[PDB]
Each structure stands twice: as C-alpha cells, then as structure tokens.
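Reviewing the structure listed below.
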Amino acid sequence: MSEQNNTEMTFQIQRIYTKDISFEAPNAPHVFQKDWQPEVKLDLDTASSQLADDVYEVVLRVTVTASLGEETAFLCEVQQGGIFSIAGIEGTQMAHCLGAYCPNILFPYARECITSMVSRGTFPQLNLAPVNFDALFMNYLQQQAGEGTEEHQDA
Amino acid sequence: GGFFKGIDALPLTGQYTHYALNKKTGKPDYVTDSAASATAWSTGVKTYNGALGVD
Amino acid sequence: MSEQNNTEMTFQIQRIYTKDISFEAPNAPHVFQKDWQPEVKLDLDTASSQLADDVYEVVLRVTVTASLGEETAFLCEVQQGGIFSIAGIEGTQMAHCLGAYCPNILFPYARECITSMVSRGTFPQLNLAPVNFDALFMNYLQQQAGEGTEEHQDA
Amino acid sequence: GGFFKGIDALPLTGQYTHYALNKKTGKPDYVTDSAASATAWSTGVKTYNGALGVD
Amino acid sequence: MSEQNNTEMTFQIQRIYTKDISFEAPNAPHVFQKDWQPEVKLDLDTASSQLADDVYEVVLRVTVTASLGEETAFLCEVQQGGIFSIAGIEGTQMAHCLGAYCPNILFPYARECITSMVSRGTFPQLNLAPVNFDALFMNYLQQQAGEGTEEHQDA
Amino acid sequence: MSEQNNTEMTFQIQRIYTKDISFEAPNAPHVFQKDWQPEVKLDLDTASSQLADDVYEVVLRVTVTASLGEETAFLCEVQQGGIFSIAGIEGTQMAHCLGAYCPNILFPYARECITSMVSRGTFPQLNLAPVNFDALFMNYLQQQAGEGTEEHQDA
C-alpha cells in the first residue's frame, strides 16, 4: 500500500469562541417529574472558512439531544468557532487540518459550553465523550497511519 | 450634600453589627436555607470509540 | 394557622434553572475589527405557569442586543425559570410576589448566564443594570393608593 | 393549596405580561438609566504577562 | 425630614461586585458517593464603610457550611460589596439602611455566586432561602414576650 | 447498556468539577479608578491522585494574578478537579493522559470559572488564550523515542 502521513504543517490558534449557542428546556417544570432515562444523541459537523491567506476559521457544530421517551429532556447545540492560521500543507492534508485537527481543538470548548448550559438548566452534569476527529478523517483518508518506537536508552 | 442631598451625619448603624447577621439560639428559629434546593445528579457519559490522540 | 403573632407571610424557593439559551454572533470573525464595548440595550419578556396553589412557576426571559458600529456584535438571550412557594399573603401582594418579586430573584442567574455566553464569544465586559421587573407594573398600577394601618399579619 | 397550605388560588391579572410590560410600541417607564458602568475589553495578555498601570 | 414622611428618599445602586469569593470541596469524590440532601447552614454577616455624604460602601459576607452525613460536602464564602446612594431618610431608618436594606440588595447576587459554584462542583443546587435581613436583628428585640395564641379567628 | 468497546486506552469521563474557586479583590473599590494595565500572570499547575484501581482524579490549578505594580487589581484561582476512569495504558501513556490530556479537558471549565470571577468583581473581560498542555508535556514524556512512518497495512 502507500502510507500518506501529513508533514510540514503550521498551526496557530488566533481566537477560539462561540459563534452560535442553543440550549432548550421548554418542558422544564414537568420534565423534572420525569424518570431520568435520557436518550443523549451526540452529532458532529465541521465547516471551515477562508478568512484570509493561510487564515482559516473552523466551526464545530456539536448537537446534543436528550429525550425521556416521548417527552424531551433538553437540546444543547453549540457552534464552537475558532479562527486558526494554517499553512505548510494543501489538498487532502489541508482537509486533514481543517476537517480533523481543527474541530478536535474546538471539541473541549464545545463540550464545556454544552455542559455549562445543562448544569445551569439544573439537569445532572453532562460531559461529551472524547472524540478523535483525526481518527474520523483517517477513516475516509485510507485507514493507514502509525508512529511510535519507544526504546529505553538511558544510563 | 454633594453626591445627593440627605444623610451625612450618622453612625455605621451599630459599631459594625454588634449582633452578627444570623440565627440566634433563643425563641424565633428564623431563616431556613436548606429547604430550597434541587438535589439531583445521575449521568452516564456514553463513550465513543475511535483511536488514541487528543481533544 | 394564619391568625397568630408570627413573621408576616412565608416564602420558600423549591428549584431555580435555565429553560433556554441563545447566543448569536452573526458578524463574529469580522465584528472583532471593532475594539470597544458595543451599544447594549436590554429587552425583557416574561411567561408563567401554575403548577400548584401556594406554589407558582415564573420565567424571566432576558435579551441583550449589542452591536459594534452598524453591524450586530452579539445577541444573548436567557430564560431563567423557577418553582417558588408563595403563601400567607393575600389581596394584591399575593400574586405580586410570584409575578414581580420572583423574576427579580431569577434576574442575577439570567444575568451571569448572559455574561457567560458573552465571555464565550470573548466580547467586552457586559454587566446588566439592576432592573426591577416590579417597577414597570408598579408605575402602571401607581394611580390607586392604599396607605394601610399598622397591624402585622403572620405566616 | 395542596402543595404548601392555603393561598386560596394565585392568578395573574387575567393574563401575565402584555398587560403593560411587553415587547411592543407601548412600553412603560424605567429601564436604561443611571446604574452600572461599561469597564473595557482590555485583557492585556502579552504571552503570559501584562504591565503596570501607574502614572 | 422634620417628619417621618421620607418623600424625596433616594436609593440608587452605583455598582455591585464580589470583593471576595471562596468555594471548597474537601472530600469531593469521596463525598459524591452520598446521594441525598446536603446538610447546609447559611451564616451571614454585614460589613461596610461609612464614607457618608450620600456615599456608603456596603459588603455582605455570605458563608455556607454544607455536609453530606458526618463529613463536609462543600464550603462557600462570598463578600458581595456595592456602593449605594442613600438619602432622604431620618431617625432610626437613616443609618439602619446601610446595615439591613443595602446588604439585602446584595443577597440576590451573593446567593447567585454561591449557587453557580455549587453546581460547578457537581453538588446538588443550593438556593439560599430569601429572608428579611431586618428580621434577624429584630428577633433580638422580640425576645421578651412569647404569649398570645388566640382561638381560630372567624369573620 | 452496551459498553463492549475494547481498544488501547479505556478512557471514561465521570465528571469535571471545581474542588476550589477563589477571587480576592480587597482593593476592589479603589482599583476601579486606576488605568487598567495589570501583570496578567497565567499559571498552570497540574497534579493527579489514584483513588482506586484504574480510577484517577486529575486536578488543574489555574491561577490568574493581576497587579498594576504593587497595587493589587485582583487574585483568582480555580482548581478544576475531574475524575477519569483510565485503563489499558501505562508509563508515558499514563503520565501523558494525566500530564496533558485530562488538564486540557479541565481547562475550558477552569477558564469559564476564572473569567466569570473577574466579571463578578466587575473587571473587563479577561479570557486566557488556549494553552495546549499536550504541547508543553511533549517536551517531558520520559523516553525520547516515538518516530515511525513506515509502510504498514494497519492502523
């Protein structure tokens, strides 16, 4: 086969922030009476944007929906944007930065923005599971990449 | 007489409080903060498999 | 029994929470060209529900409009709902407590929830002014009068 | 009352909101007045340090 | 003025702000095993500085001691300060404003700061019950008589 | 419900929370009339504690000092502790999961807490930049050996 590793990048976070936030609990008063067995649905989307030369913003649209059978618990959708300055690589490697590494960097902050709304909405603290977006791109890319040869040499 | 007109010549109510703003062990057991709370915490963080790396 | 010598009325919070959050930074990447505290304007709206007699649920929806120049900076909106126990009182002051005084309890929680989302967009420091919800309805029902006699009720 | 004691019943002037306070061309008094202050945005975060704002 | 008719009485808040914040969870993951009502005690105390000429700085030290069982759950302490324009009142009420009324204003924000941090520590949300600050000092004065208790008043 | 996912590293978030929150502005009133240029000193101190078999608490002490010379603007600290059930790994993998990966999850929560605290003391928006812990700890690890890039039909 042919292992196509991404090399010679440049990555500099200019600014991470929320462009869009959405929390919903319109059923709130009576949804606290409900048996807490939520069907929490984690959904991920990535939209990159060329703001300037070697300046690309990426937005991670994370959508969380929890439903207690027929009655919905809450909705937590946060479009965690982040202006980045990317360079060194183009094409599939550009797509590996913007469509994998960049929304991966945005995921701790997307998670937290969601989590905080849930706890403010008096639901038990909801933490999204760690998603390796680099692995998600690797799937479409070729499913072939590996580094590591830890040899202990020390006297 | 500058910031507005009214009060300038007074004490600081007591010397500080001279009582302390809380429930005294006497007759009226006023203030009950603990009778107001949500009291709920149960979460199952659904893990998503992929690979080793970082967020 | 409400017919003895005791402290006037009885009030008891049950649960406070956020129903709904929205934060839209429509010109987000480019509106950061504007380095000043945006033109802020507060806009309140309210909705309610009776869960019980002696216990009412009220929602203070707070919205902050903010714009840098001629373009919108951010639109932040919280709905702070809460179950409260309003008992002992009678006449006007009874439903006034859940209608006016309880939104005033919910206002600080709504206020910090706004400033959280502002901080997430990394926009200038937003402290909302102390707005009494009662004051607007109080000036609308001002022409009435009612100087009562010095005699205290009980819980 | 059932939940607490006996307030008889707690209505809200026929309808809550839209009676006076409402998002419409018919606003009451109060709101946007001499209260609070706009500070700044200045984070001043130069790498992992700032400065001294004297004189 | 020269009478109990206050008439021109003015009370404008200039600025609210936390001059001190503390929140500790000493037994945190050991104590989370205890799912029930946290035994909470609220201990308030007032502080201020007589600046005078209608300027008074007032601080409200709000302290929580919460415990699950025989060990500590969470501790919290917030010195919520603020400058208040007090005027147009004479007699007892004159100096009594800064020692009861002005701290009572600070309590919405005091409780808010605590309740937020309680939920940030993944502890059961704590809504400190809204009490008459005047009544805590007034309890001391009503500690001589304790009689009365009539029959069920019909009219 | 269906946790049959068996790979290298069994990483599971339990909850991210604040074991400590602090914000001290003893100079708060007097500092608001000063020209705002503090020595915004961002500190990151991380530690771990093994609670049980494959159960590790990681804490992220994030301290922000702000001084306009010898003038204190404020002091702030949030020790964002978080329980993580981690298995399957050891050595440098374990050291890096605790050293960088977990503190990076704690950081957005710790950041929101601090900037909220700064906002509570009503100082301007002080949001700290995204500091990649996995970058800082990349220098450390233990053994200097992790190269690869060789044609291999696997991932």
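A, B, C, D, E and F are the chain letters, set down in written order, and residue numbers restart from 1 in every chain.
Just so we're on the same page, a residue touches a chain if its C-beta (ideal position, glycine included) is under 8 Å from a C-beta of that chain, and two chains touch if they have at least 3 such contacts.
Each chain and its UniProt protein: A, C, E, F = Protein-export protein SecB.
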{"item": "Between B-C and D-E, the pair with more C-beta contacts", "value": "B-C"}
{"item": "Centroid spacing, where centroids are CA-atom means, of subunit C (Protein-export protein SecB) and subunit D in whole angstrom", "value": "6"}
{"item": "Subunit E (Protein-export protein SecB)-subunit F (Protein-export protein SecB) separation of Cα centroids, rounded to whole Å", "value": "33"}
{"item": "Intercentroid distance (Cα basis), subunit B paired with subunit A (Protein-export protein SecB), Å", "value": "36"}
{"item": "Residues of subunit F (Protein-export protein SecB) engaged with two or more neighbouring chains", "value": "11, 13, 15, 17, 32, 104-105, 109, 112, 116, 120, 122-125, 127, 129, 155"}
{"item": "Junction residues of subunit D, two or more chains touched", "value": "35-37, 39-41"}
{"item": "Touching pairs among all chains present in the structure", "value": "A-B, A-C, A-E, A-F, B-C, B-E, B-F, C-D, C-E, C-F, D-E, D-F, E-F"}
{"item": "For the subunit B and subunit C (Protein-export protein SecB) complex, residues of the former touching the latter", "value": "28, 30, 32, 35-38"}
{"item": "Contacting residues of subunit F (Protein-export protein SecB) [partner subunit A (Protein-export protein SecB), same complex]", "value": "11, 13, 15-17, 91-92, 104-105, 107-109, 112, 129-130, 132, 143, 145-155"}
{"item": "Footprint of subunit E (Protein-export protein SecB) on subunit F (Protein-export protein SecB) - complex, ascending", "value": "15, 17-26, 28-29, 32, 51, 57, 81, 83, 109, 113, 116-117, 120-122"}
{"item": "Residues of subunit D defined as touching subunit F (Protein-export protein SecB) within the complex", "value": "39-46, 48-54"}
{"item": "Subunit C (Protein-export protein SecB) residues touching subunit F (Protein-export protein SecB) - in the complex, by the definition given at the top", "value": "112, 115-116, 118-120, 122-125, 127"}
